[PDB]
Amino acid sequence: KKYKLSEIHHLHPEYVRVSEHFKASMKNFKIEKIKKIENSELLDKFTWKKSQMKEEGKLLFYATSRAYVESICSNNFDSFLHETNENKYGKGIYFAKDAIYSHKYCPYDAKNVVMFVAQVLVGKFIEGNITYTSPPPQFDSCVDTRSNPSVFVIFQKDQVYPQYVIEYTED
């Protein structure tokens, strides 16, 4: 295996931190588990890109089916997997600022939905549209709106590191 997926205790500070980020928008939900992802290959690609970009990472959300957890932990997120926005802001990977946004735009049955926490190098962003296969020149990502974006579109895997998987159920 290319990675490790490790369950974190609920009193661990990383659990507390992730739980607070998730619960800021996921009010009618209970966290069942939080697992830490370790993939050295994906981390080295990310840390190199972070170094070249000279940007700090942003903690963003990606809701998906439990069936895809292993594919993401070993090979990173797949741009060929779409959500219900249907590439409206560019043909790339969609990461939400608020966990509730990724959850509501996830097309899978609630019982099968898990929440990824990803470190994302958004850099300079601009509004995207369906025709973009790259951000416009001098930009690193695309968004729904430049002021208070709700979603970020990433066109390169090395700008993302999957960091946590959250298991949860609706109240």
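In this text, residue numbers run from 1 along the sequence as written.
Visitor: If you average the Cα B factors in the entry, which is higher, 128-136 or 60-68?
Guide: So the stretch with the higher mean C-alpha B-factor is 128-136.
Visitor: What stretch has the higher average Cα B-factor here, 9-17 or 146-154?
Guide: According to the PDB entry, the answer is 9-17.
Visitor: Choose from 42, 53, 115, 120 the residue with the greatest Cα B-factor as stated in the PDB record.
Guide: In the PDB entry, the greatest C-alpha B-factor among 42, 53, 115, 120 is found at 53.
Visitor: Give the position of residue 46 by CA B-factor within its chain, expressed as the lowest, middle or highest third.
Guide: According to the entry, residue 46 has a C-alpha B-factor in the chain's lowest third.
Visitor: Lowest, middle or highest third: where is residue 86 by Cα B-factor in its chain?
Guide: Its C-alpha B-factor belongs to the highest third of this chain's values.
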